[PDB]
Amino acid sequence: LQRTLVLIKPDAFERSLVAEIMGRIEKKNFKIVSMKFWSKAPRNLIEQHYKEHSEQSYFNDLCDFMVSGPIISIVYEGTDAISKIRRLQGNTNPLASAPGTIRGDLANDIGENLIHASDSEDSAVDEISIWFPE
Amino acid sequence: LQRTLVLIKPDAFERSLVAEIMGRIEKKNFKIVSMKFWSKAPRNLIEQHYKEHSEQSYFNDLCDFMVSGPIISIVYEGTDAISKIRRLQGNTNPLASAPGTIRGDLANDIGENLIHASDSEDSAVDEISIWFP
Amino acid sequence: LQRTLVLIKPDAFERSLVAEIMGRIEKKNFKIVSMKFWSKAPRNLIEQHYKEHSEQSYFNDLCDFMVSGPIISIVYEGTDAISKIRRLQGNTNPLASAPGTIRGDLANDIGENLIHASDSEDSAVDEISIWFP
Amino acid sequence: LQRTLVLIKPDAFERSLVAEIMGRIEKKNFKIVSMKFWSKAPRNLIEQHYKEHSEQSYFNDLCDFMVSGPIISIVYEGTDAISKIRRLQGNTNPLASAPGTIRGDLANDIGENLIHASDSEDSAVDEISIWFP
Amino acid sequence: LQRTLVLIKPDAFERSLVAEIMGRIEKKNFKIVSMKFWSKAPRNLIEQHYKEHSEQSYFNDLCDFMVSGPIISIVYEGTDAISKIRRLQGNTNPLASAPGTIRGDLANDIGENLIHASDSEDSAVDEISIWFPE
Amino acid sequence: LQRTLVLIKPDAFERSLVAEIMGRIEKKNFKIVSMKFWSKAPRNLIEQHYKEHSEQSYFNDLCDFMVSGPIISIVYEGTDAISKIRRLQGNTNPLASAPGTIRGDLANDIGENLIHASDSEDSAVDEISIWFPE
Ligand SMILES: O=c1ccn([C@H]2C[C@H](O)[C@@H](COP(=O)(O)OP(=O)(O)O)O2)c(=O)[nH]1
Ligand SMILES: O=c1ccn([C@H]2C[C@H](O)[C@@H](COP(=O)(O)OP(=O)(O)O)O2)c(=O)[nH]1
Ligand SMILES: O=c1ccn([C@H]2C[C@H](O)[C@@H](COP(=O)(O)OP(=O)(O)O)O2)c(=O)[nH]1
Ligand SMILES: O=c1ccn([C@H]2C[C@H](O)[C@@H](COP(=O)(O)OP(=O)(O)O)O2)c(=O)[nH]1
Ligand SMILES: O=c1ccn([C@H]2C[C@H](O)[C@@H](COP(=O)(O)OP(=O)(O)O)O2)c(=O)[nH]1
Ligand SMILES: O=c1ccn([C@H]2C[C@H](O)[C@@H](COP(=O)(O)OP(=O)(O)O)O2)c(=O)[nH]1
Ligand SMILES: [Mg+2]
Ligand SMILES: [Mg+2]
Ligand SMILES: [Mg+2]
Ligand SMILES: [Mg+2]
Ligand SMILES: [Mg+2]
Ligand SMILES: [Mg+2]
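Chains as they are written, first to last, in this note's numbering: chain A, 216 to 349; chain B, 1389 to 1521; chain C, 1389 to 1521; chain D, 1389 to 1521; chain E, 216 to 349; chain F, 216 to 349.
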């Protein structure tokens, strides 16, 4: 029984795909443990979530996009939640994300990709404590 | 341009209809301005939310049901949000709720009806202050 | 808590709308208690099912249509199943059937209307005994 | 068996609701007989399409909106297409449009209402000749 | 033109995914030849359907689950129906079943996996004769 | 930013999957640049579109099927539109087209496969000029 951190990005709200994305996870039978809505995440919170990408050239545009609209932070719980939800998510690249996945079906840009999902146990614990410090 | 208070009831979670419901409101172009997830709402918030029904026969069952599962409290914003979302919601009674409405399509019980929505400007103001103080 | 008799008509199969129809009833929380697939219903079951229309002008076309493809007979159970599913069904006439109802959304002919549903306690009892003796 | 004129408005494109709308009509069994995509409809076609509203207060905003994005003009054919598709469409006013209708479900503005549909035999004949001469 | 045996398992009825599953097959354009509804399959009928798994450690739980609710037995017919419907079904394992498949989209357990589908010509003939002895 | 040619084939209209197919592309966020409806494409226009398959044994049946009903020609525009829409389309073969793709989900025949999509830059330019000579 694992717990994973998921972010509904600003492009979801702009395109009205919020329920679509959450429904795909809900239908997979994953249970919401914690959920927080942000009218606008603080840039610092974002920079922390993506601290691994600070040296990348897209870092600043990435941070700019993540504060350009509302965000929903969610902790999903279930057996092997981390890897499973990653597979539902789909590849970061629009040239690779398979049809049937969230990105494969709905995302068309490598930056604006609708959804974040922790990629491992270590980073899950880490990202859960960033969005739900309590 | 109004704001209304919406509750996603425990039966929505039990039946995995959370996204479905929020989806029907999202497609009508209403924007979220506040949202909070309750693994279990405090008994007293529920009793105050339904303070008007405190002397009604179903009151106790109504509250028991409201704390029997998680709920989501949501403030929706849009032009004439209150009356419009009430329209989406559908009648409390399964015998009167019209197909195409949330309850008319999905709900089959007068008590377990999936969704709450403020019924007026004044009540919306109270209910909003109850869940987001 | 009632039981009602539902027929999935041949035009549902021709248009691949079988799951769609059964889906709208399933989402309303009604449970199946009996189900039988007919690659071709016997002419006499049809004529008895519609025994009330035997002297009507459309009777022959109605029966011809009912045996022109497969059908599914289903007994649904739920609190007030008869009136509620009738509501989901929608008016026989394409001019009167409301959007959000099965026929109102999907059907476009007074004869080929996709679905049958008992219209009362008494008729439901007969129709159920016709298809599941 | 009638033919009616349908316009898929710019807000359908902006909100990616094009397929959704055309889908609701396709499921009702109406067939396309003519279709044309306009990256930007000519101002004069719009003003003639709405020639009846030329003296109304909203006329200018209505036209500005109609040329602010792409549109799709479609001739639909089916038995009683005009009145039926009008029914699918739903009331112009967000306060009156019923859930289950196109506008009632998706639209939230009296001006930006996603879809146009001829309102009579005579008007359908004019509107059809305007977009497909 | 092949015929294959399909079972809608008890978890479908509990979660109200019956129409969802059948609709995915219907949209693929497969035709129903035979269909039987069981309020509760007899354990023996189940033990026969899974006679190959009698020595497995999950056999008894498997049988217990299969009689815990209603079941729909269906014979679908179409060109290469057996292999095609298997691919729609998706892997038994939730760590493998791909998004876009029935299990990949809706199943989250290796036991409660919503749907059975014959895996070959031999077993199809065999399973069809178990549920439709006529 | 590429442009690709897409054809909604006669089997889509017969089965009422027109909106379904276009919606999958629309949700992927591809923009319609040009669109033409044909009550019946001229056989010659079809023979040109498939001039590469003139020596194949299915050529004539292919052409017969393509004029057996209405067709919608569409130019979609977007980054890498050609390869992406191909992946949404799915393999020509029903034994290969993956679930989650258009053909994988809806097509069950190798001939009647619902949708055409240019396979490269060269053929896109070529097919766009066939259906939209202007
Ligand atoms: O070349 C890239 C790689 C990533 N990102 C953005 C998108 C992604 O959501 C975020 C973090 O990258 P990742 O962790 O590799 O993506 P994922 O979200 O798939 O883990 O950085 C880019 O804009 N360009
Ligand atoms: O006879 C009744 C009436 C209402 N309720 C419950 C359901 C409803 O959600 C809540 C409040 O009732 P309401 O405000 O009259 O209904 P609505 O929620 O439609 O405003 O009380 C019952 O259990 N039994
Ligand atoms: O003018 C008519 C009326 C009815 N029927 C067919 C359609 C209907 O399914 C069946 C039985 O009619 P009904 O019981 O009056 O309609 P419903 O099925 O809505 O109860 O007869 C016609 O073909 N023409
Ligand atoms: O008060 C109004 C009434 C109408 N319109 C626009 C919306 C409508 O699409 C168009 C034509 O109006 P109509 O023909 O009366 O509405 P409908 O489109 O429902 O026939 O004018 C407005 O902007 N404001
Ligand atoms: O490790 C396992 C393997 C299988 N099963 C159950 C699920 C499956 O539905 C049934 C038969 O197994 P299978 O034939 O290998 O699965 P499939 O249904 O994918 O053919 O046994 C388990 O509970 N645990
Ligand atoms: O063995 C075959 C191969 C192809 N075709 C038809 C289907 C296809 O749509 C068309 C062109 O073939 P293709 O370009 O290889 O298919 P695709 O549309 O996947 O590019 O010829 C057949 O009928 N049989
Ligand atoms: Mg990562
Ligand atoms: Mg109240
Ligand atoms: Mg009758
Ligand atoms: Mg007008
Ligand atoms: Mg097996
Ligand atoms: Mg090719």
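Cβ atoms here follow ideal geometry from the backbone N, Cα and C, with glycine treated the same way.
Inset, instruction - Check whether the Cβ atoms of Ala256 of chain F and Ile286 of chain F sit closer than 7 Å, and answer yes or no. - result: yes
Inset, instruction - Kindly indicate if chain A contains any beta-carbon less than 7 Å away from that of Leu303 of chain F. - result: yes
Inset, instruction - Determine the direct distance from the alpha carbon of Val1394 of chain C to that of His1504 of chain C, and round the result to whole angstroms. - result: 5 Å
Inset, instruction - Closer than 7 Å by C-beta to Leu1476 of chain C: which residues in its own chain qualify, once you throw out the five before and the five after it? Chain order, please. - result: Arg1412, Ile1413, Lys1416, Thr1489, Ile1490
Inset, instruction - Report the residue from C:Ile1396, C:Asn1501, C:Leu1389 whose alpha carbon sits nearest the alpha carbon of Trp1519 of chain C. - result: C:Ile1396
Legend entry - Proximal residues to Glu1465 of chain D (C-beta, below 6 Å), its chain only, five neighbours per side dropped: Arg1391, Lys1419, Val1421
Inset, instruction - Could you check how far apart the C-beta atoms of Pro1487 of chain B and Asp1497 of chain B are, in whole angstroms? I think they sit under 8 Å. - result: Not really, about 16 Å apart at Cβ, beyond 8 Å.
Legend entry - Closest by C-alpha distance to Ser338 of chain F, when choosing among F:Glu229, F:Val290, F:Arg258: F:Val290
Legend entry - Top-ranked residue by Cα proximity to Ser1427 of chain C, from C:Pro1398, C:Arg1474, C:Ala1407, C:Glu1515: C:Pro1398
Legend entry - Spatially closest choice to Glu1515 of chain C from C:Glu1435, C:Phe1401, C:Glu1402, by CA coordinates: C:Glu1435
Legend entry - Separation of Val1455 of chain B from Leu260 of chain A, as counted between CA atoms: 32 Å
Inset, instruction - Keeping to the same chain, check which residues put their C-beta closer than 7 Å to that of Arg258 of chain F; ignore five residues upstream and five downstream. - result: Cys278, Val282
Legend entry - Contact under 7 Å by Cβ, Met1410 of chain B with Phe252 of chain A: no
Legend entry - 4-residue-minimum alpha helix (DSSP H) runs that sit fully inside the stretch 1419-1499 of chain D, ordered along the chain: 1431-1437, 1447-1454, 1469-1477, 1490-1494
Legend entry - Residue nearest to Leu329 of chain E in terms of C-alpha spacing, selected from E:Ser335, E:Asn306, E:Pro348, E:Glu336: E:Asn306
Inset, instruction - Please name the residues in the stretch 1400-1412 of chain B whose beta-carbon is closer than 9 Å to at least one beta-carbon of chain A, in chain order. - result: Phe1401, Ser1404, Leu1405, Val1406, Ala1407, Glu1408, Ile1409, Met1410, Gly1411, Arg1412
Legend entry - Bounding residues of the alpha helix (DSSP H) (the contiguous stretch that carries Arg1412 of chain C): 1406-1414
Inset, instruction - Please check if any C-beta of chain C sits within less than 7 Å of the C-beta of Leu1494 of chain B. - result: yes
Legend entry - Bounding residues of the beta strand (DSSP E) (the contiguous stretch that carries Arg218 of chain A): 217-223
Inset, instruction - Check the Cβ-Cβ distances between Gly1499 of chain B and every residue of chain D, and say whether any is below 7 Å. - result: no
Legend entry - Delimiting residues of the alpha helix (DSSP H) encompassing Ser1506 of chain B: Run containing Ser1506 of chain B: none; DSSP gives neither H nor E here.
Legend entry - chain A within 7 Å of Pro314 of chain E, Cβ atoms only: yes
Inset, instruction - Say whether chain E places a C-beta atom closer than 7 Å to the C-beta of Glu1465 of chain C. - result: no
Legend entry - Cβ neighbours of residue 1567 of chain D in the same chain (closer than 7 Å, five flanking residues each side left out): Here chain D covers residues 1389 to 1521 and nothing more, so residue 1567 of chain D does not appear.
Inset, instruction - Below 8 Å on the Cβ atoms is my guess for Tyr1446 of chain D versus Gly1499 of chain D; work out the distance and round it to an integer in Å. - result: 7 Å
Legend entry - Alpha carbon of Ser335 of chain F to alpha carbon of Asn275 of chain F, nearest angstrom: 24 Å
Inset, instruction - Name, please, each residue of chain C whose Cβ falls closer than 9 Å to the Cβ of residue 204 of chain E. - result: Since the first residue shown for chain E is 216 and the last is 349, residue 204 of chain E is missing from the structure and cannot be characterised.
Legend entry - Contact set between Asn1417 of chain C and chain B, taken where Cβ atoms lie within less than 7 Å: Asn1496
Inset, instruction - Report the neighbours of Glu1414 of chain C on chain E: residues whose CB is nearer than 8 Å to its CB, in chain order. - result: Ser231, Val233, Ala234
Inset, instruction - Check the Cβ of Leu1483 of chain B against every Cβ in chain C and list those closer than 9 Å, keeping chain order. - result: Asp1468, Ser1471, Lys1472, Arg1475
Legend entry - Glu349 of chain F in three-state terms, based on DSSP: coil
Legend entry - Length of the line joining the Cα atoms of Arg230 of chain A and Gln271 of chain F: 44 Å
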